[PDB]
Every structure is written in structure tokens, then in C-alpha cells.
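Chains as they are written, first to last, in the deposited numbering: chain Z, 60 to 118; chain L, 17 to 289; chain S, 17 to 73; chain B, 8 to 262; chain P, 8 to 262; chain C, 29 to 68; chain A, 29 to 68; chain H, 178 to 236.
Okay, so here's the structure we're looking at.
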Amino acid sequence: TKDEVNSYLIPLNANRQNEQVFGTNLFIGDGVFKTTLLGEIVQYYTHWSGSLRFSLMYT
Amino acid sequence: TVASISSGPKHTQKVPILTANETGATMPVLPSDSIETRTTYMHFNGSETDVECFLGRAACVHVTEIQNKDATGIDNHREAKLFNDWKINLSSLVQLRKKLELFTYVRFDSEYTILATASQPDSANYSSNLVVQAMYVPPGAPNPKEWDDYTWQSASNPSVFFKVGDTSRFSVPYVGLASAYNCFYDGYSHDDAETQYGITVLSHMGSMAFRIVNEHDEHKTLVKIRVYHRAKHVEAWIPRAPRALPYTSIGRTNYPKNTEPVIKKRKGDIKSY
Amino acid sequence: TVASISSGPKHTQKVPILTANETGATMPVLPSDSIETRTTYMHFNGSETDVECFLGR
Amino acid sequence: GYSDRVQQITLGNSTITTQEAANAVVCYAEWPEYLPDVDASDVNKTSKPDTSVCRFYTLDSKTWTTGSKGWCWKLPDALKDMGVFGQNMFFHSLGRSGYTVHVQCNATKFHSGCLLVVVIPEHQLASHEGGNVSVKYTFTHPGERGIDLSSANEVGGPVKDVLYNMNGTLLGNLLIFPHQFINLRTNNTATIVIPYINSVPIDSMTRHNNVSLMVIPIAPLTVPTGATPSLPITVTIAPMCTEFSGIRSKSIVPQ
Amino acid sequence: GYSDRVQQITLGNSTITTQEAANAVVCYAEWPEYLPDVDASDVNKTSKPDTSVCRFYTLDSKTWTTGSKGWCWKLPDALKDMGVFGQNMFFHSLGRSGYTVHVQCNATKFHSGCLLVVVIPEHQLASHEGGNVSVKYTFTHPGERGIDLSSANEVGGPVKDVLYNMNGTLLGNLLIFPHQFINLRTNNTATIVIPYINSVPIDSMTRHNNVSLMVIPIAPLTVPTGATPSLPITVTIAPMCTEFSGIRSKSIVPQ
Amino acid sequence: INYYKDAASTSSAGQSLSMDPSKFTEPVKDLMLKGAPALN
Amino acid sequence: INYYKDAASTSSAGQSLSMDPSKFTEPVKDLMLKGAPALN
Amino acid sequence: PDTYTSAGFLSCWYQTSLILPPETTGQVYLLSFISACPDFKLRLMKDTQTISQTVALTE
Ligand SMILES: Cc1cc(CCCCCCCOc2ccc(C3=N[C@@H](C)CO3)cc2)on1
Numbered sequence: 060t061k062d063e064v065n066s067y068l069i070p071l072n073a074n075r076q077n078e079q080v081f082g083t084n085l086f087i088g089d090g091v092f093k094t095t096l097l098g099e100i101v102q103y104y105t106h107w108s109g110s111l112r113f114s115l116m117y118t
Numbered sequence: 017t018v019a020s021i022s023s024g025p026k027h028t029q030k031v032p033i034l035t036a037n038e039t040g041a042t043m044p045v046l047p048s049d050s051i052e053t054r055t056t057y058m059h060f061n062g063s064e065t066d067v068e069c070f071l072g073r074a075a076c077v078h079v080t081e082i083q084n085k086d087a088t089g090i091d092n093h094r095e096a097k098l099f100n101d102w103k104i105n106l107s108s109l110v111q112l113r114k115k116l117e118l119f120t121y122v123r124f125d126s127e128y129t130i131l132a133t134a135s136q137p138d139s140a141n142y143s144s145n146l147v148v149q150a151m152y153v154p155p156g157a158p159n160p161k162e163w164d165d166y167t168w169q170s171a172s173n174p175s176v177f178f179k180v181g182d183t184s185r186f187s188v189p190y191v192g193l194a195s196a197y198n199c200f201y202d203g204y205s206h207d208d209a210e211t212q213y214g215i216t217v218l219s220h221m222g223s224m225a226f227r228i229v230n231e232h233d234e235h236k237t238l239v240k241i242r243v244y245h246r247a248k249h250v251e252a253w254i255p256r257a258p259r260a261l262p263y264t265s266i267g268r269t270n271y272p273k274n275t276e277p278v279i280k281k282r283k284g285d286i287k288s289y
Numbered sequence: 017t018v019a020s021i022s023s024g025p026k027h028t029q030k031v032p033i034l035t036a037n038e039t040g041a042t043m044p045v046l047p048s049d050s051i052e053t054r055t056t057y058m059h060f061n062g063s064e065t066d067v068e069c070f071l072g073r
Numbered sequence: 008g009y010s011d012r013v014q015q016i017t018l019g020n021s022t023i024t025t026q027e028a029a030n031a032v033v034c035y036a037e038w039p040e041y042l043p044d045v046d047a048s049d050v051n052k053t054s055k056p057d058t059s060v061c062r063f064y065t066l067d068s069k070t071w072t073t074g075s076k077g078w079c080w081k082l083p084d085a086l087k088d089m090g091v092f093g094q095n096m097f098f099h100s101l102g103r104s105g106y107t108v109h110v111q112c113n114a115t116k117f118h119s120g121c122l123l124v125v126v127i128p129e130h131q132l133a134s135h136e137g138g139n140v141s142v143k144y145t146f147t148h149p150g151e152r153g154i155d156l157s158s159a160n161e162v163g164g165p166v167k168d169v170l171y172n173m174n175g176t177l178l179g180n181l182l183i184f185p186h187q188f189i190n191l192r193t194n195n196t197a198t199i200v201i202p203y204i205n206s207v208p209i210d211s212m213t214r215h216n217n218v219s220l221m222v223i224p225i226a227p228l229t230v231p232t233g234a235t236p237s238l239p240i241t242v243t244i245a246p247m248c249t250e251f252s253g254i255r256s257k258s259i260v261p262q
Numbered sequence: 008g009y010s011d012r013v014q015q016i017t018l019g020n021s022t023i024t025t026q027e028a029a030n031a032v033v034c035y036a037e038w039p040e041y042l043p044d045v046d047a048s049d050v051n052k053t054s055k056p057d058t059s060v061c062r063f064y065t066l067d068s069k070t071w072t073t074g075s076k077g078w079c080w081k082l083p084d085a086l087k088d089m090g091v092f093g094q095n096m097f098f099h100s101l102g103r104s105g106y107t108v109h110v111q112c113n114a115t116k117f118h119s120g121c122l123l124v125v126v127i128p129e130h131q132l133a134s135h136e137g138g139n140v141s142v143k144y145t146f147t148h149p150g151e152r153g154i155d156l157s158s159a160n161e162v163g164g165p166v167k168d169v170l171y172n173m174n175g176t177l178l179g180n181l182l183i184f185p186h187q188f189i190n191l192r193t194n195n196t197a198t199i200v201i202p203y204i205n206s207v208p209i210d211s212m213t214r215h216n217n218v219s220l221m222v223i224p225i226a227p228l229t230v231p232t233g234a235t236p237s238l239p240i241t242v243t244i245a246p247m248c249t250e251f252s253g254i255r256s257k258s259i260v261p262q
Numbered sequence: 029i030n031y032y033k034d035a036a037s038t039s040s041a042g043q044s045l046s047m048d049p050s051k052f053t054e055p056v057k058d059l060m061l062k063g064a065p066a067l068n
Numbered sequence: 029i030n031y032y033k034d035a036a037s038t039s040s041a042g043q044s045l046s047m048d049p050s051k052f053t054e055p056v057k058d059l060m061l062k063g064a065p066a067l068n
Numbered sequence: 178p179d180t181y182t183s184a185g186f187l188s189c190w191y192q193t194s195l196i197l198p199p200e201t202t203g204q205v206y207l208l209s210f211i212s213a214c215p216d217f218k219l220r221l222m223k224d225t226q227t228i229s230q231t232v233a234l235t236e
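Below, the structure written as C-alpha cells:
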């Protein structure tokens, strides 16, 4: 509800099976993407095309 | 080039004038296949029927209007025409529209000319030269709320400033997302049960915003903007049947109900001249 | 210029998609490292993202 | 002894023979071909089921009677349910295809009647409401049933007025589109080969139809005396050079 | 720095990475390949959907607990419903395929337990009734669910006794079949590549399963103190070099 | 002489002088010769 | 053609067409090869 | 955000499940990054919705 270091953290629960960790659409100019450097630059242009690289680092 | 060759009497087993139209072809029959002709030359190239020529002259595509007046106490600039805006499009006026829709896909650069003339309806004094600002507000970029918003800074968005009475001219490359612009589109933006049908969904090219830069004088001044569009570097694919009924909407093919017969009825018989 | 090369099935000991981000690098991974791709060309130069262009209006 | 008249088309595991053809049209003089790399954008390798999708599907038959106004099918819609063509269609994000269309109608040397068989690239329909009423999805996705131009206006559906091609243009000028006539006295089939025509290299098969096939009686059917007053018309269509790309979960579409 | 240990398998539009592998087995030292002409009999050209069928399908997960007896899946059955692989399956008369099987089970350095992962060509099951009672169809076509060897005898189903491999042979000798162990202390996955093994060049995919994949706990799962007493096991399988032939109407199979 | 850098800014294009109606007037699969019978 | 004497008076510069993200994307001291293990 | 032009979804699920060692407890987190492949194209510059102002700033 207010910007926090915690919205960068995707939590994981021990022992859950089959279940879903997170979900998002890919509107790179809006939503989660919007404040990232990528999101932030994309917004200076009208059209984009290309591949995106999404990585997850485990802690 | 010969337009007709010389040809004389014929009594053959080779009849070029009998064909079968069911095949879908238009066989290239000439005067000399069925009468006796003399040589004549063409003297002509077909220059002025080139599609570049056909779509290449400026056509009026939009007339809007804005006014210069005291905005003091105006709660909605947009609504007071303190700065109008236009949802760029090329089918709002019909002379050019019928011409483009002779083709299915079209690709070209645009050259815009913008003429702005002023009118002073309410008996007046001295008119101080107004300067119009025309911004390109593509989709995704802040759209102006007051006639003097931060938006008008237009630090990344192309804008032209010219004087009322003058003309502004610049040219924009082909901004389509695909390889050509669709003159027609028998699709939807997604498989939704209620989404709009047509090209409206493909036409997105954003809008263009006009305003006067001048603050207000004692009288009010009406400025009427006319946008002209000229296609340059034209490429057109797949010819279609010309438009017969009147148009009702930007981007749909719809015609009006209880329209009138478009084929002229004979005054007389089939046999009449 | 190719935007993507053609690439087919892989069953290797050489895994380009596992990295250690703690190092500070952004490893240059491409679609063709993890799916089967077909050739495609760029058709584009990146002209309008030059800083001269970005700050030049 | 080859005539323009007799023909055989074998495609996949299915063959068609006509003994009374009138040549065949190849739209814009181009034959279907796969998508070249130089024209490609999506980086995905595509899937080319070949013979399992490139065979002939015969849609259900229509009945030409003296009152018929004409019928209209959209592609790839008409085939949305045919065998593996259809599955592939709902399961990939993008697909592309050309077709061979074979329209059949035989009678006798005493009948008269003439149908126009035409293919219209990007046939955007008009709402009969006028103004800027849209034509809902379901209405432009009739499936194998196609649209029956002599059916009644419905709400959210297109206009079905024949002298206007369902779009504000005159029936008479449809001849600028690849087409062929079936004149009972000459002809008994019509065959058109359709190359893939779009402004993008590959597209969605469900949100956009890229051709409407239209069969329209123009010279009314006239049967011999005390003959039954009607003839069936059958449409058989075969996808050719089909490619699918971007496989996943399987689209869910309205209705 | 290549280890036997880390691996990547990319097949179609799907990729698997393991950081704790124990090499991989290729049945009988042969890698899946298409059907050569010299071996062909049916004259039909076959369909090779390629990347739309040769990708990785992850079946639903199992739960290894201290009481588990083992699970059994049959191929191509287990995949009868996965994406376009499955459609092709029901729609052609004949089909043929090899697979990459990747079984996954991770724990920690305090757990113990060891699973046997084995592929048995032509695993004909036994009826628990004895005599010459048959094993009904449905029972040998469990689909993605597979057979749970610790479930109860059912009527018309197979016997589920583990020391006998469901056929009158001893668990101990299953090691003559291509197999790999998952020993929590070593291993976290098992990967086996299966070439197509049959006495005919191509066969029906619905009346005959050509391998059973079997995962059997052998050294019981032992979790660290006050750990939850169970681990999930996941099976992901990818058809490879698949070919379908004799397309038609679409099989209807019991139940 | 172009005074401007971008191609969109140049004047109108110059006549195709391409002209080939056969894709529209004769898209038949087997070639028809004028003078020979239409249907054999 | 420059009409003016000073360099500041010339038009915009022309595309770097330089482009080398490695100072930003891979400033590591010991070179990392894609495909080889990150940490050995 | 355009519909016609939309790019998909990204989701993440447990394949087997997270397992913590003894003497350990609670949630673990993943950090996630985004960057563009060398593939990428951006065109037709415009103004960002990410910054605006109501009066000129001063010193
Ligand atoms: C200042 C200033 C103002 C501008 C405007 C830039 C031009 C953007 C417009 C791009 C061209 O717009 C269209 C819209 C529709 C169509 C079209 N619709 C179909 C019927 C056919 O073509 C073609 C071009 O640029 N600088």
C-alpha cells in the first residue's frame, strides 16, 4: 500500500505442491514493469518489438 | 507505340471474339479483331493515372476550431475550445476516402499542410497576431488538460508553431505498425463477444492537439484549423469495387437505411436510347 | 543482420540460461538459447534512440 | 485430349475430379507459398502439419432455389472445426494458410441459372443498423454454416442486402475480385486457388478472417418443366501450405 | 566445468534445466529417429507436426510418502490429452514416437530415500484374479493419472504387487531394463531417452501402449526430524520424432 | 537536390511505368490463347 | 554546406552507430562465457 | 496498453516444491529482473506519462 523494499521480494512457501508463485500480464509500459529502467525508457517511445529477458535469482 | 495496327478482311477458323467469361478472365480483344483498322499511334503514356499521381495531391482531411479568450473561470478548457484536439484519422471527410478505399492496403508517407484563419464575430478592435501550436500526441503520452499544461512543453513530441493566416507544412514517414495501412479489416482486436469490429481498432495512431499560444486580448478570436493531407511514395495493393452508398461512420462500411436507388432508372424502355 | 538464428532441439551439458546475478553482469541470453527458433532479420538500426536524437529536438 | 474442362486436384489423402470445369483462377496470379525468412518477424519455428491439414474438407450442402439470394463463408472460420486443421487453429497463437476452393453445382442441359463465385480479401461487413453500430463477433463467425443472405436481419449481425455486397459497393463490380461463374449451360464447378493475403506476415486465425468466399445466384435458377425447382450447391475447401506458430493453451472464443 | 551433473534439454518451445543429474540413459544405446523407407509398409505420406508435438508435457505431481509402493504410467497413454500431441493421436489411424522422460524429486542433504525409474518395453500386466482373467482396457489406460501401486485391487484391473513388477517377475531384476536411480543423496532427477521399439514399423496409438514408465521407492523416504514426512515427485515427458499417418475421422475409445 | 535528411521528406515518387494488368485480367491457371477456343 | 564559420552552428550530429553495452552489461573482471558455469 | 497489440502473460508455479533444511523456517524470496534482448527495437519518440508539473520550479 505504500512503496516498500518488499514489493521487490516474491515470497516462496515451503512444502506447497502444484501451486502458483506469481502472475502478471506483459504490458511493459504499465503495471509492474512501469518503474523499471526498461519500462521507464519504453515510455519515451510509441512502438516496441523484440525479445525480453526475465530472470529470477533465488535467495 | 501503336494504338492500332492495320488489319484487313478475315475468313478464319480462328475466332478471337468468342470466349467463355465463366473462366474469370477478361480476354484482351482489340478493335482489329473484329473490324478492318489502319495504323495509329498512342501518343500517350498513362502518366496521370499512376497511383502516385492519383493519391498525390493535398486533400482537406479535417476542419476544427479553437478560440483565444479569457480562460478565467473556465472549468474545462477542452470544452471551451481553448484548445481542441483531433483523433487523427483519414476517413472523416469523404472525397479522399472514396479514393483510398479503391484499394485494400495502402502504404505512403504523408505531407500535412495546416491552414489557420481567424474570425472575429463580435464587432472588434486591434487583433494581435496569434500563433498556433500544433502538437503530435501519440498514444501513451500525456494528453493536454488545460491550454497551458506542462504537456505543451512538448520536449519529446514534435510540435510546429506558425501564425494564424499562414500555413505550416511538414511530412511524417509511414507510421503504420504493419507493412501497409489496412483500408479494411474483417477482424476484431481480440476474440471478445462485444468488442468493436472494423479498423477503428487498427487505427490508432493517436491524436493531434492545437492551441493558441497567445494570452487573451479584450475581444474573442475564433481560429478555424484546416488540415490537408498529401500521400507521397504511394504503394497500393488489391483493388476493390468503388463505394456506391453514402458513408455513415469513420471506420465502418455501414451505409444508411432507406438509402436511395444508386442506379439511375431509365426514362423509357430497355430499348430506349 | 539476423535478429534470430535458426536453432533446434538441445540436450547438453552446456546451459546458457543458468547464471549467477550476484556477479553484476547481465548475461546476453537470447530466445535461441531456450526455445527452437527460425531465422529472422532485424530490418532496423536503432537510429532514433541515438543520444543525439534523444536530446536533439 | 486434355481439355480445360476435365481436371483432377489431389491434395493430401483426398482427390476431386471435375469433368466440366472452366479453367481455374489463381488469385492475383500467385500460388500459395510458405513464409520466407526475409518476411518473418516472430522468432518461433513454425509447425507444418502438411498432409493432415492440407486435404479437402466438404462443408455441408446448400439448396439453390428460385428465391435464393446468395451465401457467404469466411476463411479460416468455415474450417474452424474440420479435423486437425481446426485443432491447430485453436491451439496456436498465430497461423497462416492459402486454400483451394472448389464450388460444385450440376444440373442438366434443360436447366438455366448462373452463380458468381468470388473471393474478397478483407471483406469488412456493414451493420444493417447504419450509423456506427458494430457487427458482433458471432455474426461474422458463422462457421461451416456460413451466412445466408436471404435470412432475416438479426441484432448485432451484418446487413444481407445482395445488390450491395454487404458493404456499400455494387454487386456488379465484384468482378474486380478473383472470381469464376458457374453457368449451368457451360460449367458445373468453379475452382479458385487463394494465396495468403495480409499486411502482416502471420496473424491470429480467430480474431481476423482474411477472405470471404461468396456464391451468389445472378441469373435465377430455371428448371425444366415439372422438374423439382431446386439444385444443391456444395462447397469443398482445402487449406494449402498451412503453418502454425506460437503453440500453447488453446483459445476460448465467444459463443 | 561441464559436469555430468548440470544439463539443459530444449525441445520445441520448452526447456528443462537440472543442476543435479546423474548422466542420462538412452535405451539400448539408440536415439529416437524417424521411420526409414526401407522399413515402411503403409504407403501413406506421414505427418510430422514437429515442434507442436515434440515439446515437454509435465504430468500432474505425485506424493512420495513413507507408505508409497510406486506408480506406473503407460506411453503413449499418459499423453493422450496433452495439447496437439493428443489430438493427432485420436485423429490418425497410426502414429509412432520416441520420448525424453525427465523424473524430478528434490529433498535436502538430511533426507534419504532412493527411487528406481525404469522403462519396460511391452509391459503386459497380470490380472490379480489369476487364471486367465483379462485386464480391461480402462485399467491399462489410466491416462495422466497413471496407476498407483498402493491403490486397492479393482475388478478387471491389474494386480499391484510391487515385488512382482505387475507380471510374475521380481522387482530386483528390473535393472535389466533401461533405468536410472534417484538417490536423494546423489541425484535429484532421472532422464531416459526412449527410441521407438515395436515389431511393426508403425502401430495404433490407442490399442497398444509400447512402454510403461515406472517410478518405485526402493529405499524408503526418511525425512529429517520433525520434517514433513513427504516429497512430491513430478514426471515431465516429451514426444520426440513423432509421426502420424492415416488421418480420418477420430477414434472413439472406451470410457 | 534533397535538402533534408530523411526519405519521407522527398517529393512525390515518379511514374511506376510498371503496368501489368494480367494479375487482374487473366488470373487463370491454364493459359488462354486469344483465337483458340475458350473451352476445349 | 556549412554557411557559418563556427562549429556550434552546424546541424545535429549523425548516428554514433557506436553501440557497445558491455561496459554496462558485463563489467566483470574475469570474463564470463555464456554456457560455461557462472561460478566454478 | 493496446489490446490488438497485447503480448501475453507470464506465470510461475511449483514444479515440485521448496524444501527447507532443518533448523530453518519461514518464507524465502526470489528477486526478479527485466532487461531487453539485443533483438529489441523502440521507435517514434514521444513524451512520458511518468513526469509532470504544475508551476515552473525555481532555485
Ligand atoms: C507537429 C506535428 C504533427 C504531427 C502529426 C504526425 C502525423 C501522424 C499521423 C500518421 C498518419 O495517420 C494515418 C491515419 C489513418 C490512416 C489510414 N486509415 C485507413 C482508412 C487508411 O489509412 C493512415 C494514416 O507531426 N508533427
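By construction, the Cβ of each residue, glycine as well, lies at the ideal position given by its N, Cα and C atoms.
Residue j and residue i - do their beta-carbons sit closer together than 8 Å?
{"i": "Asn-174 of chain B", "j": "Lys-167 of chain B", "result": "no"}
{"i": "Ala-157 of chain L", "j": "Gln-226 of chain H", "result": "yes"}
{"i": "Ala-85 of chain P", "j": "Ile-244 of chain P", "result": "yes"}
{"i": "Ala-74 of chain L", "j": "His-235 of chain L", "result": "no"}
{"i": "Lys-55 of chain P", "j": "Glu-250 of chain P", "result": "yes"}
{"i": "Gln-111 of chain B", "j": "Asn-30 of chain B", "result": "no"}
{"i": "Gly-90 of chain B", "j": "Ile-254 of chain P", "result": "yes"}
{"i": "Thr-213 of chain B", "j": "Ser-119 of chain B", "result": "no"}
Ordered along the chain, which non-local residues of its own chain (more than five positions away) have a Cβ less than 8 Å from that of residue i?
{"i": "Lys-116 of chain B", "result": "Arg-192"}
{"i": "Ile-33 of chain L", "result": "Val-45, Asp-49 and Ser-50"}
{"i": "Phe-184 of chain P", "result": "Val-125, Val-126, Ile-127 and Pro-128"}
{"i": "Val-18 of chain L", "result": "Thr-55, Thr-56, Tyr-57 and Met-58"}
Please confirm whether residue i has its beta-carbon closer than 8 Å to some beta-carbon of chain H.
{"i": "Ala-19 of chain S", "result": "yes"}
Answer with yes or no whether the minimum CB distance from residue i to chain L is below 8 Å.
{"i": "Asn-113 of chain B", "result": "no"}
{"i": "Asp-224 of chain H", "result": "yes"}
Please check if any C-beta of chain A sits within less than 8 Å of the C-beta of residue i.
{"i": "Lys-30 of chain S", "result": "yes"}
Under 6 Å Cβ to Cβ from residue i, same chain only, skipping five residues before and after it: list those, please.
{"i": "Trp-78 of chain B", "result": "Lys-69, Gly-153, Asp-155 and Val-222"}
With a threshold of 8 Å between beta carbons, is residue i in contact with chain S?
{"i": "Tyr-35 of chain P", "result": "no"}
Can you list, in chain order, the residues of its chain whose CB lies under 7 Å from that of residue i, leaving out five sequence neighbours each side?
{"i": "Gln-111 of chain L", "result": "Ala-75"}
{"i": "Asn-105 of chain L", "result": "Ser-219 and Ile-266"}
{"i": "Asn-30 of chain A", "result": "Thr-38"}
With 8 Å set as the bound, which would you pick, yes or no: does the beta-carbon of residue i sit closer than that to a beta-carbon of chain B?
{"i": "residue 267 of chain P", "result": "No answer is possible for residue 267 of chain P: it lies beyond the span of chain P, which begins at 8 and ends at 262."}
{"i": "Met-47 of chain C", "result": "no"}
Are the C-beta of residue i and some C-beta of chain Z separated by less than 8 Å?
{"i": "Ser-172 of chain L", "result": "yes"}
Ranges of the alpha helix (DSSP H) found wholly within the region 118–194 of chain B, counting only runs of at least 4:
Qualifying alpha helix (DSSP H) stretches: none in this window.
At which residue ranges does the region 180–235 of chain L contain complete alpha helix (DSSP H) runs of 4 or more residues, listed in the order of the chain?
Listed in chain order, there is nothing to give.
Length at least 4, wholly inside the region 51–128 of chain L: the alpha helix (DSSP H) runs in chain order:
Within the region 51–128 of chain L, the alpha helix (DSSP H) runs of at least 4 residues that lie entirely inside it are, in chain order, 67–71 and 110–116.
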